[PDB]
$ cat model-v9.pdb   # PDB, C-alpha atoms and all ligand atoms
ATOM      1  CA  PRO O   1      14.468   2.075 -20.572  1.00  0.00           C
ATOM      2  CA  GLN O   2      15.302   1.686 -16.997  1.00  0.00           C
ATOM      3  CA  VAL O   3      18.547   3.153 -16.026  1.00  0.00           C
ATOM      4  CA  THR O   4      20.356   2.561 -12.863  1.00  0.00           C
ATOM      5  CA  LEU O   5      22.675   5.103 -11.413  1.00  0.00           C
ATOM      6  CA  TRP O   6      26.075   3.484 -11.199  1.00  0.00           C
ATOM      7  CA  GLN O   7      27.203   5.521 -14.158  1.00  0.00           C
ATOM      8  CA  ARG O   8      26.231   8.946 -15.465  1.00  0.00           C
ATOM      9  CA  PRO O   9      22.812   8.592 -17.022  1.00  0.00           C
ATOM     10  CA  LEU O  10      23.783   9.723 -20.520  1.00  0.00           C
ATOM     11  CA  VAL O  11      21.585   9.678 -23.533  1.00  0.00           C
ATOM     12  CA  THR O  12      21.780  10.606 -27.174  1.00  0.00           C
ATOM     13  CA  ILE O  13      19.922  13.655 -28.374  1.00  0.00           C
ATOM     14  CA  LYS O  14      19.514  15.045 -31.862  1.00  0.00           C
ATOM     15  CA  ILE O  15      18.988  18.748 -31.939  1.00  0.00           C
ATOM     16  CA  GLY O  16      19.254  20.914 -34.968  1.00  0.00           C
ATOM     17  CA  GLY O  17      20.531  18.137 -37.064  1.00  0.00           C
ATOM     18  CA  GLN O  18      23.374  17.537 -34.679  1.00  0.00           C
ATOM     19  CA  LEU O  19      23.732  14.565 -32.451  1.00  0.00           C
ATOM     20  CA  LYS O  20      25.099  15.147 -28.919  1.00  0.00           C
ATOM     21  CA  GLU O  21      25.006  13.286 -25.721  1.00  0.00           C
ATOM     22  CA  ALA O  22      23.493  14.627 -22.575  1.00  0.00           C
ATOM     23  CA  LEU O  23      22.809  13.843 -18.957  1.00  0.00           C
ATOM     24  CA  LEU O  24      19.306  13.157 -17.693  1.00  0.00           C
ATOM     25  CA  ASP O  25      19.188  15.469 -14.805  1.00  0.00           C
ATOM     26  CA  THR O  26      16.396  15.322 -12.257  1.00  0.00           C
ATOM     27  CA  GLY O  27      17.544  18.313 -10.233  1.00  0.00           C
ATOM     28  CA  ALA O  28      17.798  20.710 -13.131  1.00  0.00           C
ATOM     29  CA  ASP O  29      14.705  22.697 -13.768  1.00  0.00           C
ATOM     30  CA  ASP O  30      15.693  23.707 -17.248  1.00  0.00           C
ATOM     31  CA  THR O  31      17.688  22.145 -20.071  1.00  0.00           C
ATOM     32  CA  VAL O  32      21.008  23.711 -20.729  1.00  0.00           C
ATOM     33  CA  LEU O  33      23.177  22.878 -23.654  1.00  0.00           C
ATOM     34  CA  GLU O  34      26.709  23.865 -24.467  1.00  0.00           C
ATOM     35  CA  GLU O  35      27.284  26.416 -27.142  1.00  0.00           C
ATOM     36  CA  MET O  36      25.740  25.388 -30.343  1.00  0.00           C
ATOM     37  CA  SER O  37      24.437  26.895 -33.558  1.00  0.00           C
ATOM     38  CA  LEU O  38      20.768  27.149 -33.261  1.00  0.00           C
ATOM     39  CA  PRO O  39      18.943  29.205 -35.767  1.00  0.00           C
ATOM     40  CA  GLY O  40      16.376  31.694 -34.633  1.00  0.00           C
ATOM     41  CA  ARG O  41      15.454  34.231 -32.059  1.00  0.00           C
ATOM     42  CA  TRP O  42      16.626  34.063 -28.539  1.00  0.00           C
ATOM     43  CA  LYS O  43      16.359  35.958 -25.320  1.00  0.00           C
ATOM     44  CA  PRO O  44      19.257  36.305 -22.878  1.00  0.00           C
ATOM     45  CA  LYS O  45      18.641  34.887 -19.466  1.00  0.00           C
ATOM     46  CA  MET O  46      20.586  33.852 -16.424  1.00  0.00           C
ATOM     47  CA  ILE O  47      20.344  30.694 -14.464  1.00  0.00           C
ATOM     48  CA  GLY O  48      21.971  29.607 -11.296  1.00  0.00           C
ATOM     49  CA  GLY O  49      23.931  26.488 -10.466  1.00  0.00           C
ATOM     50  CA  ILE O  50      26.270  25.410  -7.815  1.00  0.00           C
ATOM     51  CA  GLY O  51      29.106  27.712  -8.350  1.00  0.00           C
ATOM     52  CA  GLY O  52      27.204  30.728  -9.544  1.00  0.00           C
ATOM     53  CA  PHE O  53      25.025  32.134 -12.277  1.00  0.00           C
ATOM     54  CA  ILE O  54      25.580  31.978 -16.002  1.00  0.00           C
ATOM     55  CA  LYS O  55      24.163  34.030 -18.809  1.00  0.00           C
ATOM     56  CA  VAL O  56      22.538  31.958 -21.393  1.00  0.00           C
ATOM     57  CA  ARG O  57      20.369  32.293 -24.469  1.00  0.00           C
ATOM     58  CA  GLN O  58      16.894  30.896 -24.351  1.00  0.00           C
ATOM     59  CA  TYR O  59      15.383  29.325 -27.463  1.00  0.00           C
ATOM     60  CA  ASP O  60      11.771  28.430 -27.396  1.00  0.00           C
ATOM     61  CA  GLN O  61       9.835  25.783 -29.197  1.00  0.00           C
ATOM     62  CA  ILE O  62      12.837  23.706 -30.181  1.00  0.00           C
ATOM     63  CA  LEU O  63      12.478  20.112 -31.282  1.00  0.00           C
ATOM     64  CA  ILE O  64      14.741  17.625 -29.645  1.00  0.00           C
ATOM     65  CA  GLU O  65      14.838  13.904 -29.937  1.00  0.00           C
ATOM     66  CA  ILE O  66      16.024  12.379 -26.690  1.00  0.00           C
ATOM     67  CA  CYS O  67      16.661   8.681 -26.998  1.00  0.00           C
ATOM     68  CA  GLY O  68      14.435   8.718 -30.048  1.00  0.00           C
ATOM     69  CA  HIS O  69      11.575  10.348 -28.247  1.00  0.00           C
ATOM     70  CA  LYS O  70      10.580  13.625 -29.765  1.00  0.00           C
ATOM     71  CA  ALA O  71       9.679  16.540 -27.576  1.00  0.00           C
ATOM     72  CA  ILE O  72       9.576  20.293 -28.093  1.00  0.00           C
ATOM     73  CA  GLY O  73      10.421  22.920 -25.590  1.00  0.00           C
ATOM     74  CA  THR O  74      12.773  25.544 -24.373  1.00  0.00           C
ATOM     75  CA  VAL O  75      16.463  25.014 -24.385  1.00  0.00           C
ATOM     76  CA  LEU O  76      19.065  27.316 -22.936  1.00  0.00           C
ATOM     77  CA  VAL O  77      22.456  27.305 -24.555  1.00  0.00           C
ATOM     78  CA  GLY O  78      25.409  28.680 -22.743  1.00  0.00           C
ATOM     79  CA  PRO O  79      28.585  27.861 -20.944  1.00  0.00           C
ATOM     80  CA  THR O  80      27.599  24.695 -19.203  1.00  0.00           C
ATOM     81  CA  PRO O  81      30.278  22.023 -18.676  1.00  0.00           C
ATOM     82  CA  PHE O  82      27.895  19.325 -19.815  1.00  0.00           C
ATOM     83  CA  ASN O  83      24.698  19.088 -21.724  1.00  0.00           C
ATOM     84  CA  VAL O  84      21.937  18.587 -19.205  1.00  0.00           C
ATOM     85  CA  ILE O  85      18.302  17.646 -19.806  1.00  0.00           C
ATOM     86  CA  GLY O  86      16.170  19.029 -17.067  1.00  0.00           C
ATOM     87  CA  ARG O  87      12.694  18.536 -15.850  1.00  0.00           C
ATOM     88  CA  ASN O  88      11.070  20.570 -18.593  1.00  0.00           C
ATOM     89  CA  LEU O  89      11.897  17.948 -21.166  1.00  0.00           C
ATOM     90  CA  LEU O  90      11.910  15.001 -18.809  1.00  0.00           C
ATOM     91  CA  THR O  91       8.253  15.298 -18.235  1.00  0.00           C
ATOM     92  CA  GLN O  92       7.633  15.086 -21.916  1.00  0.00           C
ATOM     93  CA  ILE O  93       9.347  11.849 -22.470  1.00  0.00           C
ATOM     94  CA  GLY O  94       7.618  10.449 -19.450  1.00  0.00           C
ATOM     95  CA  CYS O  95      10.613  10.141 -17.328  1.00  0.00           C
ATOM     96  CA  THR O  96      10.127   8.999 -13.780  1.00  0.00           C
ATOM     97  CA  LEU O  97      12.159   8.356 -10.738  1.00  0.00           C
ATOM     98  CA  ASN O  98      11.621   5.201  -8.768  1.00  0.00           C
ATOM     99  CA  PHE O  99      12.914   4.023  -5.474  1.00  0.00           C
TER
ATOM    100  CA  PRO D   1       7.895   5.078  -4.500  1.00  0.00           C
ATOM    101  CA  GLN D   2       7.469   6.469  -7.954  1.00  0.00           C
ATOM    102  CA  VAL D   3       8.088  10.146  -8.501  1.00  0.00           C
ATOM    103  CA  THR D   4       7.075  12.110 -11.559  1.00  0.00           C
ATOM    104  CA  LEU D   5       9.066  15.200 -12.469  1.00  0.00           C
ATOM    105  CA  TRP D   6       6.301  17.779 -12.688  1.00  0.00           C
ATOM    106  CA  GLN D   7       7.477  18.994  -9.355  1.00  0.00           C
ATOM    107  CA  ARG D   8      10.989  19.158  -7.953  1.00  0.00           C
ATOM    108  CA  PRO D   9      11.644  15.755  -6.421  1.00  0.00           C
ATOM    109  CA  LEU D  10      12.336  16.600  -2.805  1.00  0.00           C
ATOM    110  CA  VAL D  11      12.683  14.085  -0.020  1.00  0.00           C
ATOM    111  CA  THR D  12      13.135  14.543   3.718  1.00  0.00           C
ATOM    112  CA  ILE D  13      16.452  13.378   5.061  1.00  0.00           C
ATOM    113  CA  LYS D  14      17.716  12.998   8.591  1.00  0.00           C
ATOM    114  CA  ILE D  15      21.369  13.684   9.082  1.00  0.00           C
ATOM    115  CA  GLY D  16      23.457  14.422  12.163  1.00  0.00           C
ATOM    116  CA  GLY D  17      20.286  14.439  14.160  1.00  0.00           C
ATOM    117  CA  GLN D  18      18.754  17.118  11.956  1.00  0.00           C
ATOM    118  CA  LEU D  19      15.862  17.036   9.529  1.00  0.00           C
ATOM    119  CA  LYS D  20      16.221  18.697   6.076  1.00  0.00           C
ATOM    120  CA  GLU D  21      14.746  18.440   2.609  1.00  0.00           C
ATOM    121  CA  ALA D  22      16.882  17.498  -0.261  1.00  0.00           C
ATOM    122  CA  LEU D  23      16.631  17.196  -3.989  1.00  0.00           C
ATOM    123  CA  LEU D  24      17.195  13.916  -5.680  1.00  0.00           C
ATOM    124  CA  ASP D  25      19.614  14.668  -8.377  1.00  0.00           C
ATOM    125  CA  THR D  26      20.697  12.204 -11.037  1.00  0.00           C
ATOM    126  CA  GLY D  27      23.002  14.599 -12.687  1.00  0.00           C
ATOM    127  CA  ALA D  28      25.133  14.986  -9.576  1.00  0.00           C
ATOM    128  CA  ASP D  29      27.992  12.687  -8.864  1.00  0.00           C
ATOM    129  CA  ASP D  30      28.304  13.614  -5.243  1.00  0.00           C
ATOM    130  CA  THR D  31      25.898  14.678  -2.518  1.00  0.00           C
ATOM    131  CA  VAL D  32      26.312  18.192  -1.272  1.00  0.00           C
ATOM    132  CA  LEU D  33      24.492  19.917   1.517  1.00  0.00           C
ATOM    133  CA  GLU D  34      24.161  23.385   2.831  1.00  0.00           C
ATOM    134  CA  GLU D  35      26.425  24.244   5.669  1.00  0.00           C
ATOM    135  CA  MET D  36      25.276  22.696   8.884  1.00  0.00           C
ATOM    136  CA  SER D  37      27.076  21.225  11.785  1.00  0.00           C
ATOM    137  CA  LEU D  38      28.263  17.658  11.500  1.00  0.00           C
ATOM    138  CA  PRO D  39      30.590  15.972  13.970  1.00  0.00           C
ATOM    139  CA  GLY D  40      33.982  14.771  13.236  1.00  0.00           C
ATOM    140  CA  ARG D  41      36.811  15.171  10.881  1.00  0.00           C
ATOM    141  CA  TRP D  42      36.549  16.427   7.360  1.00  0.00           C
ATOM    142  CA  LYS D  43      38.806  17.394   4.534  1.00  0.00           C
ATOM    143  CA  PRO D  44      38.638  20.164   1.868  1.00  0.00           C
ATOM    144  CA  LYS D  45      37.574  19.368  -1.626  1.00  0.00           C
ATOM    145  CA  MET D  46      36.433  21.552  -4.477  1.00  0.00           C
ATOM    146  CA  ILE D  47      33.475  20.728  -6.589  1.00  0.00           C
ATOM    147  CA  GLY D  48      32.393  22.000  -9.911  1.00  0.00           C
ATOM    148  CA  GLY D  49      28.884  22.848 -10.949  1.00  0.00           C
ATOM    149  CA  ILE D  50      27.244  25.005 -13.534  1.00  0.00           C
ATOM    150  CA  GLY D  51      28.408  28.433 -12.723  1.00  0.00           C
ATOM    151  CA  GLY D  52      31.722  27.500 -11.273  1.00  0.00           C
ATOM    152  CA  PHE D  53      33.474  25.641  -8.579  1.00  0.00           C
ATOM    153  CA  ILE D  54      33.064  25.786  -4.877  1.00  0.00           C
ATOM    154  CA  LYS D  55      35.231  24.479  -2.062  1.00  0.00           C
ATOM    155  CA  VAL D  56      33.437  22.059   0.271  1.00  0.00           C
ATOM    156  CA  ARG D  57      34.309  19.852   3.187  1.00  0.00           C
ATOM    157  CA  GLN D  58      34.258  16.193   2.754  1.00  0.00           C
ATOM    158  CA  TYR D  59      32.848  14.065   5.493  1.00  0.00           C
ATOM    159  CA  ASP D  60      33.186  10.384   4.988  1.00  0.00           C
ATOM    160  CA  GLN D  61      31.057   7.622   6.425  1.00  0.00           C
ATOM    161  CA  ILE D  62      28.035   9.740   7.444  1.00  0.00           C
ATOM    162  CA  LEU D  63      24.685   8.159   8.181  1.00  0.00           C
ATOM    163  CA  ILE D  64      21.792   9.653   6.296  1.00  0.00           C
ATOM    164  CA  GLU D  65      18.212   8.607   6.238  1.00  0.00           C
ATOM    165  CA  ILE D  66      16.509   9.519   3.025  1.00  0.00           C
ATOM    166  CA  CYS D  67      12.879   8.758   3.265  1.00  0.00           C
ATOM    167  CA  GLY D  68      12.941   5.738   5.558  1.00  0.00           C
ATOM    168  CA  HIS D  69      16.048   4.252   4.120  1.00  0.00           C
ATOM    169  CA  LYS D  70      19.501   4.508   5.608  1.00  0.00           C
ATOM    170  CA  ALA D  71      22.733   4.795   3.681  1.00  0.00           C
ATOM    171  CA  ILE D  72      26.291   5.657   4.795  1.00  0.00           C
ATOM    172  CA  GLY D  73      28.480   7.598   2.470  1.00  0.00           C
ATOM    173  CA  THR D  74      30.512  10.654   1.748  1.00  0.00           C
ATOM    174  CA  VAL D  75      28.687  13.932   2.210  1.00  0.00           C
ATOM    175  CA  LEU D  76      30.045  17.287   1.123  1.00  0.00           C
ATOM    176  CA  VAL D  77      29.102  20.310   3.091  1.00  0.00           C
ATOM    177  CA  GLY D  78      29.397  23.677   1.591  1.00  0.00           C
ATOM    178  CA  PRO D  79      27.880  26.652  -0.041  1.00  0.00           C
ATOM    179  CA  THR D  80      25.233  25.154  -2.235  1.00  0.00           C
ATOM    180  CA  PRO D  81      21.835  26.830  -2.589  1.00  0.00           C
ATOM    181  CA  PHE D  82      20.135  23.526  -2.243  1.00  0.00           C
ATOM    182  CA  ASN D  83      20.828  20.246  -0.677  1.00  0.00           C
ATOM    183  CA  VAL D  84      21.502  17.763  -3.423  1.00  0.00           C
ATOM    184  CA  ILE D  85      21.617  13.973  -3.084  1.00  0.00           C
ATOM    185  CA  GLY D  86      23.830  12.672  -5.845  1.00  0.00           C
ATOM    186  CA  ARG D  87      24.441   9.329  -7.378  1.00  0.00           C
ATOM    187  CA  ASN D  88      26.771   8.198  -4.681  1.00  0.00           C
ATOM    188  CA  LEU D  89      23.890   7.921  -2.315  1.00  0.00           C
ATOM    189  CA  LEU D  90      21.169   7.336  -4.900  1.00  0.00           C
ATOM    190  CA  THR D  91      22.711   4.062  -5.802  1.00  0.00           C
ATOM    191  CA  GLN D  92      22.345   2.930  -2.156  1.00  0.00           C
ATOM    192  CA  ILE D  93      18.661   3.455  -1.842  1.00  0.00           C
ATOM    193  CA  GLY D  94      18.260   1.612  -5.129  1.00  0.00           C
ATOM    194  CA  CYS D  95      16.985   4.539  -7.091  1.00  0.00           C
ATOM    195  CA  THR D  96      16.234   4.069 -10.823  1.00  0.00           C
ATOM    196  CA  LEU D  97      15.325   6.318 -13.659  1.00  0.00           C
ATOM    197  CA  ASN D  98      12.599   5.001 -16.005  1.00  0.00           C
ATOM    198  CA  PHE D  99      11.241   6.140 -19.317  1.00  0.00           C
TER
HETATM  199  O1  LIG O 101      17.450  25.356 -14.233  1.00  0.00           O
HETATM  200  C1  LIG O 101      18.503  25.484 -13.629  1.00  0.00           C
HETATM  201  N1  LIG O 101      18.783  26.572 -12.903  1.00  0.00           N
HETATM  202  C2  LIG O 101      17.825  27.663 -12.840  1.00  0.00           C
HETATM  203  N2  LIG O 101      18.038  28.860 -12.266  1.00  0.00           N
HETATM  204  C3  LIG O 101      16.948  29.691 -12.363  1.00  0.00           C
HETATM  205  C4  LIG O 101      15.833  29.144 -13.032  1.00  0.00           C
HETATM  206  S1  LIG O 101      16.271  27.579 -13.489  1.00  0.00           S
HETATM  207  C5  LIG O 101      19.620  24.497 -13.681  1.00  0.00           C
HETATM  208  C6  LIG O 101      19.811  23.753 -14.860  1.00  0.00           C
HETATM  209  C7  LIG O 101      20.912  22.883 -14.974  1.00  0.00           C
HETATM  210  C8  LIG O 101      21.812  22.767 -13.897  1.00  0.00           C
HETATM  211  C9  LIG O 101      21.605  23.520 -12.718  1.00  0.00           C
HETATM  212  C10 LIG O 101      22.580  23.466 -11.578  1.00  0.00           C
HETATM  213  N3  LIG O 101      23.025  22.147 -11.141  1.00  0.00           N
HETATM  214  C11 LIG O 101      24.358  21.984 -10.922  1.00  0.00           C
HETATM  215  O2  LIG O 101      25.086  22.975 -10.833  1.00  0.00           O
HETATM  216  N4  LIG O 101      24.933  20.764 -10.817  1.00  0.00           N
HETATM  217  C12 LIG O 101      26.292  20.680 -10.275  1.00  0.00           C
HETATM  218  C13 LIG O 101      26.517  19.692  -9.160  1.00  0.00           C
HETATM  219  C14 LIG O 101      25.607  19.549  -8.089  1.00  0.00           C
HETATM  220  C15 LIG O 101      25.885  18.638  -7.055  1.00  0.00           C
HETATM  221  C16 LIG O 101      27.059  17.862  -7.095  1.00  0.00           C
HETATM  222  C17 LIG O 101      27.951  18.015  -8.168  1.00  0.00           C
HETATM  223  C18 LIG O 101      29.186  17.190  -8.229  1.00  0.00           C
HETATM  224  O3  LIG O 101      29.298  16.089  -7.712  1.00  0.00           O
HETATM  225  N5  LIG O 101      30.171  17.803  -8.911  1.00  0.00           N
HETATM  226  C19 LIG O 101      31.540  17.300  -9.044  1.00  0.00           C
HETATM  227  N6  LIG O 101      32.560  18.065  -9.472  1.00  0.00           N
HETATM  228  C20 LIG O 101      33.764  17.402  -9.403  1.00  0.00           C
HETATM  229  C21 LIG O 101      33.711  16.079  -8.910  1.00  0.00           C
HETATM  230  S2  LIG O 101      32.092  15.757  -8.558  1.00  0.00           S
HETATM  231  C22 LIG O 101      27.689  18.934  -9.203  1.00  0.00           C
HETATM  232  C23 LIG O 101      24.424  19.527 -11.451  1.00  0.00           C
HETATM  233  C24 LIG O 101      24.586  19.626 -12.992  1.00  0.00           C
HETATM  234  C25 LIG O 101      26.023  19.576 -13.469  1.00  0.00           C
HETATM  235  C26 LIG O 101      26.778  18.388 -13.291  1.00  0.00           C
HETATM  236  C27 LIG O 101      28.102  18.328 -13.767  1.00  0.00           C
HETATM  237  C28 LIG O 101      28.663  19.459 -14.411  1.00  0.00           C
HETATM  238  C29 LIG O 101      27.914  20.645 -14.583  1.00  0.00           C
HETATM  239  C30 LIG O 101      26.585  20.702 -14.108  1.00  0.00           C
HETATM  240  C31 LIG O 101      23.098  18.974 -10.986  1.00  0.00           C
HETATM  241  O4  LIG O 101      23.017  17.691 -11.552  1.00  0.00           O
HETATM  242  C32 LIG O 101      21.960  19.846 -11.457  1.00  0.00           C
HETATM  243  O5  LIG O 101      20.740  19.250 -11.122  1.00  0.00           O
HETATM  244  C33 LIG O 101      21.965  21.194 -10.772  1.00  0.00           C
HETATM  245  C34 LIG O 101      21.823  21.148  -9.229  1.00  0.00           C
HETATM  246  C35 LIG O 101      21.384  22.480  -8.671  1.00  0.00           C
HETATM  247  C36 LIG O 101      20.041  22.896  -8.842  1.00  0.00           C
HETATM  248  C37 LIG O 101      19.656  24.198  -8.441  1.00  0.00           C
HETATM  249  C38 LIG O 101      20.605  25.072  -7.861  1.00  0.00           C
HETATM  250  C39 LIG O 101      21.942  24.643  -7.675  1.00  0.00           C
HETATM  251  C40 LIG O 101      22.335  23.348  -8.076  1.00  0.00           C
HETATM  252  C41 LIG O 101      20.510  24.379 -12.604  1.00  0.00           C
END
$ encode --input "model-v9.pdb" --output "C-alpha cells" --more "lines below"
Ligand SMILES: O=C(Nc1nccs1)c1cccc(CN2C(=O)N(Cc3cccc(C(=O)Nc4nccs4)c3)[C@H](Cc3ccccc3)[C@H](O)[C@@H](O)[C@H]2Cc2ccccc2)c1
Amino acid sequence: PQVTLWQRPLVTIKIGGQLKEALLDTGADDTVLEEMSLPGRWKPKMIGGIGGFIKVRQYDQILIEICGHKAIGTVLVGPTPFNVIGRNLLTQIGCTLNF
Amino acid sequence: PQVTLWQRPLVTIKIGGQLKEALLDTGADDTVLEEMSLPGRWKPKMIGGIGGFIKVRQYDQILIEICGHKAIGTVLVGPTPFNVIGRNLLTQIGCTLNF
C-alpha cells in the first residue's frame, strides 16, 4: 500500500493468535509491543526512547503477520504506550520511505 | 528520493542557520530536536515517548530545510537523544510510506 502521513500509520498485525494494531515506525530500530502472552524463552533487555529507558523481554524468532505479510524476527514486549513496528520488521515486508 | 530501512533514515536539515542530521520518523507526531539555540518566543509543552515524558519548548512557525525542501512548522526543542522529524513536518515534504 502507499500510506500518506496525515494520520498515524497504523496497521493490523496478528501475533500469537492475537490481532492487534500497531504503528509503522521508521525511527524505531526494534519492534516493541505492549505486554502480551507470548509463549517461550525470553531474555531481559533495556531499550531507550524519548523519556528514558525501559526494561523489556526479548523474544526471538517470532512470526508476525503485518498487513497480511508474514515475517519472523525479534519482538520486545514491555511497557510501551503503543505497539510499534520498527526497522527490523519493516525491512522484511519491504517497507520503504519515499519523498 | 526512495529510502530503504536497512539503515537509519537520516537526512540533513538546516535550521536557525545551523546544519544537523535528523531521523525521519513516521511514528512521531511532532518534531523534536536536541537543545540548540533558536530565536524568538517559545512555550513549554511536555511530550511523551517510550520511556516517559519530557518537557520541551515549543517554537511555532520555524523554517526548516530538510534535504532541499523547505517547510515551516512547529518544532519542539528539548532533551531528546536524537533529532526526530515527525509527521507534522513529514506531511509537508510529501513523504510517503510504501510497501
Ligand atoms: O529500538 C528502540 N530503541 C533502542 N534502544 C537501544 C537499542 S534499540 C526504539 C524502539 C521503539 C521506540 C523507540 C523510541 N521512540 C520514541 O520514544 N518515540 C516517541 C516520540 C518521539 C518524537 C516525538 C513524539 C511525539 O510527538 N510525542 C507526543 N506526545 C504527546 C503529544 S505528541 C514521540 C516514538 C515512538 C512512540 C510514539 C508514541 C508513543 C510511544 C512511542 C518514535 O516514533 C520512535 O521512532 C522512537 C524515536 C526515538 C528513537 C531513538 C531514541 C529516542 C527516540 C526506540
$ resolve_selection --input "model-v9.pdb" --expression "the PyMOL selection byres ((chain D) within 6 of (chain O and not hetatm))" --output "short mmCIF file (atom, residue, chain, number, x, y, z; two decimals) with C-alpha atoms, in the coordinates of the input"
data_model
loop_
_atom_site.label_atom_id
_atom_site.label_comp_id
_atom_site.auth_asym_id
_atom_site.auth_seq_id
_atom_site.Cartn_x
_atom_site.Cartn_y
_atom_site.Cartn_z
CA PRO D 1 7.90 5.08 -4.50
CA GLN D 2 7.47 6.47 -7.95
CA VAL D 3 8.09 10.15 -8.50
CA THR D 4 7.08 12.11 -11.56
CA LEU D 5 9.07 15.20 -12.47
CA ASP D 25 19.61 14.67 -8.38
CA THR D 26 20.70 12.20 -11.04
CA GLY D 27 23.00 14.60 -12.69
CA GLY D 49 28.88 22.85 -10.95
CA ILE D 50 27.24 25.00 -13.53
CA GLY D 51 28.41 28.43 -12.72
CA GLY D 52 31.72 27.50 -11.27
CA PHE D 53 33.47 25.64 -8.58
CA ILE D 54 33.06 25.79 -4.88
CA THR D 80 25.23 25.15 -2.24
CA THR D 91 22.71 4.06 -5.80
CA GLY D 94 18.26 1.61 -5.13
CA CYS D 95 16.98 4.54 -7.09
CA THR D 96 16.23 4.07 -10.82
CA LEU D 97 15.32 6.32 -13.66
CA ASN D 98 12.60 5.00 -16.00
CA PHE D 99 11.24 6.14 -19.32
#
$ closest_residue --input "model-v9.pdb" --among "D:77, D:62, D:46, D:15" --to "ligand LIG 101 (chain O)" --atoms "all atoms listed in the file"
D:46
$ closest_residue --input "model-v9.pdb" --among "O:21, O:60, O:30, O:65" --to "ligand LIG 101 (chain O)" --atoms "only C-alpha atoms and all ligand atoms"
O:30
$ closest_residue --input "model-v9.pdb" --among "D:19, D:33, D:66, D:38" --to "ligand LIG 101 (chain O)" --atoms "all atoms listed in the file"
D:33
$ atom_distance --input "model-v9.pdb" --atom1 "CA of residue 18 (chain D)" --atom2 "atom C3 of ligand LIG 101 (chain O)"
27.4 Å
$ atom_distance --input "model-v9.pdb" --atom1 "CA of residue 42 (chain D)" --atom2 "atom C1 of ligand LIG 101 (chain O)"
29.1 Å
$ atom_distance --input "model-v9.pdb" --atom1 "atom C36 of ligand LIG 101 (chain O)" --atom2 "CA of residue 12 (chain D)"
16.6 Å
$ closest_residue --input "model-v9.pdb" --among "O:61, O:16, O:31, O:36" --to "ligand LIG 101 (chain O)" --atoms "all atoms listed in the file"
O:31
$ resolve_selection --input "model-v9.pdb" --expression "the PyMOL selection byres (((chain D and resi 57) around 7) and not hetatm)" --output "list in words"
residues 42, 43, 44, 45, 56, 58, 59, 76, 77 and 78 of chain D
$ closest_residue --input "model-v9.pdb" --among "O:35, O:17, O:83, O:40" --to "ligand LIG 101 (chain O)" --atoms "all atoms listed in the file"
O:83
$ closest_residue --input "model-v9.pdb" --among "D:41, D:11, D:68, D:75" --to "ligand LIG 101 (chain O)" --atoms "only C-alpha atoms and all ligand atoms"
D:75
$ build_atoms --input "model-v9.pdb" --residues "region 56-69 of chain O" --atoms "N, CA and C atoms" --output "PDB file, in the coordinates of the input"
ATOM      1  N   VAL O  56      22.842  33.066 -20.518  1.00  0.00           N
ATOM      2  CA  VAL O  56      22.538  31.958 -21.393  1.00  0.00           C
ATOM      3  C   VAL O  56      21.586  32.515 -22.416  1.00  0.00           C
ATOM      4  N   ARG O  57      21.435  31.857 -23.557  1.00  0.00           N
ATOM      5  CA  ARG O  57      20.369  32.293 -24.469  1.00  0.00           C
ATOM      6  C   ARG O  57      19.273  31.261 -24.494  1.00  0.00           C
ATOM      7  N   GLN O  58      18.055  31.757 -24.386  1.00  0.00           N
ATOM      8  CA  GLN O  58      16.894  30.896 -24.351  1.00  0.00           C
ATOM      9  C   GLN O  58      16.242  30.838 -25.720  1.00  0.00           C
ATOM     10  N   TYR O  59      16.064  29.595 -26.196  1.00  0.00           N
ATOM     11  CA  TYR O  59      15.383  29.325 -27.463  1.00  0.00           C
ATOM     12  C   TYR O  59      14.086  28.630 -27.156  1.00  0.00           C
ATOM     13  N   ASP O  60      13.008  29.133 -27.700  1.00  0.00           N
ATOM     14  CA  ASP O  60      11.771  28.430 -27.396  1.00  0.00           C
ATOM     15  C   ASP O  60      11.394  27.534 -28.524  1.00  0.00           C
ATOM     16  N   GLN O  61      10.447  26.674 -28.221  1.00  0.00           N
ATOM     17  CA  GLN O  61       9.835  25.783 -29.197  1.00  0.00           C
ATOM     18  C   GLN O  61      10.820  25.014 -30.083  1.00  0.00           C
ATOM     19  N   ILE O  62      11.900  24.559 -29.432  1.00  0.00           N
ATOM     20  CA  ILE O  62      12.837  23.706 -30.181  1.00  0.00           C
ATOM     21  C   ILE O  62      12.629  22.188 -30.031  1.00  0.00           C
ATOM     22  N   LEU O  63      12.699  21.543 -31.187  1.00  0.00           N
ATOM     23  CA  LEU O  63      12.478  20.112 -31.282  1.00  0.00           C
ATOM     24  C   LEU O  63      13.739  19.441 -30.856  1.00  0.00           C
ATOM     25  N   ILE O  64      13.609  18.459 -30.000  1.00  0.00           N
ATOM     26  CA  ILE O  64      14.741  17.625 -29.645  1.00  0.00           C
ATOM     27  C   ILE O  64      14.305  16.182 -29.676  1.00  0.00           C
ATOM     28  N   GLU O  65      15.196  15.309 -30.062  1.00  0.00           N
ATOM     29  CA  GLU O  65      14.838  13.904 -29.937  1.00  0.00           C
ATOM     30  C   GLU O  65      15.790  13.327 -28.948  1.00  0.00           C
ATOM     31  N   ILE O  66      15.236  12.848 -27.843  1.00  0.00           N
ATOM     32  CA  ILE O  66      16.024  12.379 -26.690  1.00  0.00           C
ATOM     33  C   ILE O  66      15.790  10.913 -26.641  1.00  0.00           C
ATOM     34  N   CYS O  67      16.833  10.142 -26.850  1.00  0.00           N
ATOM     35  CA  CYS O  67      16.661   8.681 -26.998  1.00  0.00           C
ATOM     36  C   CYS O  67      15.549   8.301 -27.987  1.00  0.00           C
ATOM     37  N   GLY O  68      15.463   9.077 -29.069  1.00  0.00           N
ATOM     38  CA  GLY O  68      14.435   8.718 -30.048  1.00  0.00           C
ATOM     39  C   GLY O  68      13.047   9.281 -29.771  1.00  0.00           C
ATOM     40  N   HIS O  69      12.892   9.806 -28.563  1.00  0.00           N
ATOM     41  CA  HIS O  69      11.575  10.348 -28.247  1.00  0.00           C
ATOM     42  C   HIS O  69      11.594  11.795 -28.706  1.00  0.00           C
TER      43      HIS O  69
END
